[PDB]
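Peer 1: What would the 3D arrangement of this be:
(2 chains, ligands or ions: 2)
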Amino acid sequence: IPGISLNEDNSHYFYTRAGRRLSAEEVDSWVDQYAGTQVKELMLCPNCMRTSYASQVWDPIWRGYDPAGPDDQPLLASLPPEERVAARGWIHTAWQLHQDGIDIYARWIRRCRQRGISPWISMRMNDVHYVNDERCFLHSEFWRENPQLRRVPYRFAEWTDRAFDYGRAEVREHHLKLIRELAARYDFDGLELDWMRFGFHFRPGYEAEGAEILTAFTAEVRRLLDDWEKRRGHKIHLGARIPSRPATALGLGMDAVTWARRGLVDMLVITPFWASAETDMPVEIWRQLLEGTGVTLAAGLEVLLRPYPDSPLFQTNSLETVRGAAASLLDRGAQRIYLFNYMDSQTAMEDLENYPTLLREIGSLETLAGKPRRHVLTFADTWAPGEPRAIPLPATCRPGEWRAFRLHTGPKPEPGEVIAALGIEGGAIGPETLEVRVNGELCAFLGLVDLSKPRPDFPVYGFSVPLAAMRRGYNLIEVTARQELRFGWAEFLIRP
Amino acid sequence: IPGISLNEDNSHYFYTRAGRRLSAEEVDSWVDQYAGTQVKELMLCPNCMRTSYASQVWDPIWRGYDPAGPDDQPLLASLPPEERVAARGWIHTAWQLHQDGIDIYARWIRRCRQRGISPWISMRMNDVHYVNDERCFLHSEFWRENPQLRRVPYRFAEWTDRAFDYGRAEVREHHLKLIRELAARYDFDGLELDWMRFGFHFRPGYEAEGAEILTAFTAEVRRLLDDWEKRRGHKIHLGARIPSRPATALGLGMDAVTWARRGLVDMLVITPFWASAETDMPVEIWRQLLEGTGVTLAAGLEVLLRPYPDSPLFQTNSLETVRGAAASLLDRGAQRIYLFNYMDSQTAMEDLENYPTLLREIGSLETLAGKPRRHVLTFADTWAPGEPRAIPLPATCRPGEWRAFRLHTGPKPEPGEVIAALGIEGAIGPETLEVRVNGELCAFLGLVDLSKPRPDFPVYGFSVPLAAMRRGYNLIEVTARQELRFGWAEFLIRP
Ligand SMILES: CC(=O)N[C@H]1[C@H]([C@H](O)[C@H](O)CO)O[C@](O)(C(=O)O)C[C@@H]1O
Ligand SMILES: CC(=O)N[C@H]1[C@H]([C@H](O)[C@H](O)CO)O[C@](O)(C(=O)O)C[C@@H]1O
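Peer 2: Residues are numbered from 1 along each chain as shown, chains lettered A, B, ... in the order given. Ligands and ions are numbered 1, 2, ... in the order given. Below, you will see the structure:
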C-alpha cells in the first residue's frame, strides 16, 4: 500500500528515442509500461537550466539549434565530435516533437490519468551539469550572462560552486517564472521542487538566512497552486526533495519541518544526491519530526550502489539490493519508495530484465516478503558546508582490535539463509583470521562468496549468521582480526 | 532566563574535604556558594555502583571498611599504596558523616530550599569506573557476584563492556530498588536518570528492544514518583541525561521523544560522555522533536575541552570557552545550560577564580552579551555501536584543496574584534593559507598566544571582517599552498 514514485528525467526519453519520428501514440506508450505496477506517481522532469518543452519564459534545449545543419554548429561546438551526436539526439527529438505539435508532458499527464497513475511535474531547482564548459548547449543564456548570481565566486572546485545563489531576488524570480508557466501549461496532480538537483543553493555560510528564504519561496509556490486548484477543479499537491538527514537538510537551508508544519508541502522525499543510494536513512526520526502534519514521507533511492566516496566501482543496484533498501526503508516507516535514475534504458539498473518485477514488488513489505534481498553498507554523499562527515567504509581493523558495522535489514528474516559478507581490500586471510559476531552470536566461516552485481573487485568472505540472532531493524556485525585488514564492503544476504 | 543546572558528582565532596571532621554547618555551607546565582537546580549525585550515603538496599561506599585499620586492608587491597589514600579519603569522610548522624543529601536538599535552589537527585544508572579491577572498592557486591548480567561477555576492550545489561529483569530490579529508596528517603523536587554514566546499557545489537525496555522502565519510575507526589504534597519531576544527537540516543536504546510525548519525563539533558564538551549540538532539531510535550531541554557541558578523540591534551574549559558554548547553545534554543564536572575543587575549571563569575553569566544571553568568548571546534565522544562517526579534527588540506569547518558562534557579535584561529600539527608563511569566513577574505595576523585551553602546536590568527559574521553557524574555508594538518580551530569574539 505505500507504493512507488518514479522520477523520469528531463533528457532520457529524448536521448534514447532519438532518430525515430515519434507519433502521439508512441509518446503515450511510454506511460503504459508503468501501468498495473506499484507505481502510484510518475514525477515527470521537464527541465535542467533549459526546458525540453517549448517554454515561452525559459530557453528550450534547442535555443540556438540549426535543425538542418552539421553536428559542428555553434550550439554543439564546445563538445568533442562524439558527444555532439548524443547531445543532438536530445536537442533534435525535443525540437521535432514541438514541430509536430506534440507537447510530451501534456500527453504523459493525460495518459497517466487513463492508466490510474497520478502525474506530477518535478522541477530541477539548480541543475549544474557541465558548468566547467561555459559554452555548453544545456546552460541557460541567463546563467551564461549572469556570473554575479553564482554561489561561489572565489573558486571553482565543484560544479555546485557555479550554481545559482537563491539568496538573490533575481535567481528566485528566474525560477518562479518557470513555475508560473508549468502551473498554467500543465494540469498535474502535484508539483515537486527538486532541491536535490544539485542541493546547493546559497553562498557558503548563508544557509540560515537561506532557510527563511526557501520557506517563503515554498509558500509563494503553495499560494500560486491554491489559485490553480480553483481553476483546475481539483487539489494540487506540492512536494520537495531534500537531504537524507535533518541536520544536513537544515544546514543546506531546507527547513522541511517548518514547510510541513505551516502546510506548504504534503510530500517530502529524503534522498541522496547521486554518488550512491543510501540503504541507511533515519526514516523514523523524520516521521517523529513530521508527526501530525499529514506529509507523505518518501524514501528516495539512487541507481548507483557504491561502498565509499573514493571507490572506483560505478555499478548500479540490482533487484536484490533494491529489495533490501526498500524492505529496510518501508520497515522504518517510509510511506513511499521513490526511484531516481531508474528509467527504462541508459540511466537504469544493469539487470534491466528485472525492471518489471522491481516495479511490482518494492512498494510493499507483503510483495518483498520471503524474496532474496541484499542489505549493502554505503554512505551519505551530501553534507552541509563544513559539516563533519560520517563515512563507514573503508575500515581498518588492527590485530586484536574490534570494528562494528550496523546495517539496517528491515523485517526479521523468514526461515532460510542469512550471510554476513565482508570484502577485504589490499591483497590474504585464513578461516580463523576473522572472528565475526552478529548481535554477539558467533558466525561460522563459509569461505569466498560469488556475489552477483553490484559487487566489489576484491574478495568477499561469507559468515553464516544463526537465523535467530537477526532482529527487526539494525543488526550489528562485529569483527576482530588476528592480522591488519582493511574492509571495503559489508552486506547481509537474506535468502528465505 | 534559561539559567543553570549544576551536577555535583557522587565522590568529589568526600575526596576534597577528607581529613576534616565535618560539622552540619560546614556541610550546609557547600550549598551557599551556588545561592544568588543563575543556578536554578543542583543535581546531587549520591551513587556509582555503591552509595555515598548509608543505603539499606545498596552497598554504601564503606561496605568492607575498617575505620581504625591500616590503608592496606581488604577493601582497598587492590589499589597501589598511594591510590588507597585518595579512595580512603572518600570512604572515610562518607562513613564519618553517617557516624555523626549527618545525612549529606537530606541536609543539601533542606539548605537548597532555604536558599531558593530546586534540589534534585541525579542517579548514575550504570557507572563502570575501574571495572578492569574486579576487586575495586567502588564496585557493588551484586556487580562482583553477577558477571552473567554484563553487556559484553565475548571481550573486554572498554569499561562499558562490563556495564550491566538492562535487557535483564535482575538489572532493572537492582536499579529500581535504589530509586524506591531515594524516593522514600529524600524529598527532592526532581529525580534525574543519568543514563550517560556510561550511556551503554544493552547487549550490542539489541538496542531496539532496549528502547521499549527503557521506556517501560521510565514509565514505571514516573508511576512510582506519582504515588510520592500524593505523600509529599507537591509535584516531583523526572529527568534524564541522553546523547547529544537523536540518532545516537535512539541507537543506545533511549527514545526520549516517546518519553516526552507520553509525559514520562519533563526535563531532558543532551550531553556528551566525558572526553570533551560538545560546543556544537543539534539543539533546534531536539526542540522540533519535543514541540508541545512541555519538556525542558537542557544542553549539557563537560569540563574537558579537546579537539579530537586521540588528542593527548587533557585541559578544561575556561570562563571564555564556557561563555562561547553557552552563548551558542542558548542561541539555538537551550532552555537550560547544564554543567557536569564543574565542581568547586579537583574536578573543576582550571581558572577556578572565575567560578563565581561563570555561575552569574552563562545562564542568560543578556549576562553573556558584550563579554569576551571563544567558540572552539570539538567532537561528539559517544556513538551507538557500529554507527558511523563524524569527527571534524584533525583535518589534512592538500596543496590547492579546500577544507571547511562550521563553528556555531550563537548571537551575531557586538562591535569589536573577531579572530578565526587555526592550529597546525607537525612551517607556514603569510600566504601559505587563504582563509575566508562566509566567503570574505580574512587578514593574516600571525601566531596567536592563546590562554588555556590551548594546543601544544602553533595557532595562527586571521582577522575576520566584523560584518561577515552571522547569527549561528559561521564557516571557515581554508585552501593551502602546502600539505598541512589542522589540530585546532576557533572563533575569539572580543567586543
Ligand atoms: C548522462 C545522461 O545521459 N543522463 C543523466 C541525466 C542528464 O545528465 C541530465 O538530465 C541533463 O539535464 O542526469 C541525471 O538524471 C542525474 O542528474 O542524475 C542522471 C542521468 O544518467
Ligand atoms: C576525583 C575523580 O576522579 N573524580 C571523578 C568522578 C569519580 O571518578 C566518580 O564519582 C567515581 O564514582 O567521576 C566523574 O565525575 C565522571 O564521571 O565524570 C569525573 C570526576 O573527575
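Peer 1: now do the same end-to-end measure for stretch A:20-36.
Peer 2: 27 Å (C-alpha to C-alpha, to the nearest Å).
Peer 1: Tell me the buried residues in it?
Peer 2: A:22, A:27-28, A:30-31, A:34 (16 or more other C-beta atoms under 10 Å in any protein chain shown). To be clear about C-beta, it is placed using only N, CA and C from the backbone, and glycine gets the same treatment.
Peer 1: what helix or strand does the closest residue to chain B within the stretch 201-350 of chain A sit in?
Peer 2: Residue nearest to chain B within the stretch 201-350 of chain A: residue A:205 (2.9 Å; C-beta to the nearest C-beta). If you go by DSSP states H and E, residue A:205 is not part of any helix or strand.
Peer 1: what's the closest non-adjacent residue to it?
Peer 2: residue B:438 (2.9 Å; C-beta to C-beta, 6 or more residues apart in numbering or on different chains).
Peer 1: Pull the contacting residues for the residue of the stretch 201-350 of chain A closest to chain B.
Peer 2: A:385, B:437-439, B:468, B:470, B:473-475 (C-beta atoms under 8 Å, 6 or more residues apart in numbering or on different chains).
Peer 1: Could you point out which of those residues is nearest to ligand 1?
Peer 2: The nearest member of these to ligand 1, counting by C-beta to the nearest ligand atom, is residue A:385 at 20.8 Å.
Peer 1: Can you give me every residue that contacts that closest one?
Peer 2: Counting by C-beta under 8 Å, 6+ apart, residue A:385 touches A:204-205, A:207, A:251, B:404, B:406, B:475, B:477.
Peer 1: can I assume it sits in a strand?
Peer 2: No: with DSSP: H, G, I helix; E, B strand; the rest coil as the criterion, residue A:385 is assigned coil and is not in a strand.
Peer 1: so, in contact with ligand 1 or not, stretch A:7-23?
Peer 2: Yes: against ligand 1, stretch A:7-23 shows contacts by C-beta under 6 Å from any ligand atom at A:9-11, A:15.
Peer 1: Could you identify the most distant pair in those residues?
Peer 2: Greatest spatial distance in the residues of stretch A:7-23 next to ligand 1: A:10 and A:15, 10.3 Å, computed using C-beta to C-beta.
Peer 1: Check which helices and strands the longest helix seen in chain A is in contact with.
Peer 2: Scanning chain A for the helix with the most residues, using DSSP state H, yields helix A:207-232. Applying 3 or more C-beta pairs under 8 Å, 6 or more residues apart in numbering or on different chains; DSSP states H and E, we find helix A:207-232 packed against helix A:169-185, strand A:190-194, strand A:237-242, helix A:246-251, helix A:256-261.
Peer 1: in the second one, what counts as buried?
Peer 2: I take that to be strand A:190-194. Result for strand A:190-194 [16+ other C-beta under 10 Å]: buried residues A:190-194.
Peer 1: was I right about residue A:119 contacting residue A:106?
Peer 2: No: judged on C-beta atoms under 8 Å, residue A:119 makes no contact with residue A:106 at a distance of 10.1 Å.
Peer 1: Now do the shared contacts for those two.
Peer 2: Between them, residue A:119 and residue A:106 share no contacting residue, judged by C-beta under 8 Å, 6+ apart.
Peer 1: Which one's more surrounded, the two?
Peer 2: residue A:119 (22 against 14; other C-beta atoms under 10 Å in any protein chain shown).
Peer 1: got the contact list for the more buried one?
Peer 2: If a contact means C-beta under 8 Å, 6+ apart, then residue A:119 has A:41-42, A:44, A:108-109, A:112-113, A:188-189 as its contacts.
Peer 1: What segments of chain A are helices?
Peer 2: When assigned using DSSP H, the helices of chain A occupy the ranges A:12-17, A:24-32, A:81-99, A:104-114, A:141-145, A:169-185, A:207-232, A:246-251, A:256-261, A:283-290, A:319-331, A:355-361, A:365-368.
Peer 1: so which of these is the most packed in?
Peer 2: helix A:319-331 (a mean of 26; mean count of other C-beta atoms under 10 Å in any protein chain shown).
Peer 1: That helix packs against which elements?
Peer 2: strand A:296-301, strand A:336-340, helix A:355-361, helix A:365-368, strand A:373-376, strand A:485-495.
Peer 1: In JSON lines: the ones you listed, plus distance to ligand 1.
Peer 2: Output for the helices and strands packed on helix A:319-331, formatted as JSON lines (distance: least, C-beta to the nearest ligand atom, whole Å):
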{"stretch": "strand A:296-301", "distance to ligand 1": "12"}
{"stretch": "strand A:336-340", "distance to ligand 1": "7"}
{"stretch": "helix A:355-361", "distance to ligand 1": "15"}
{"stretch": "helix A:365-368", "distance to ligand 1": "25"}
{"stretch": "strand A:373-376", "distance to ligand 1": "20"}
{"stretch": "strand A:485-495", "distance to ligand 1": "24"}
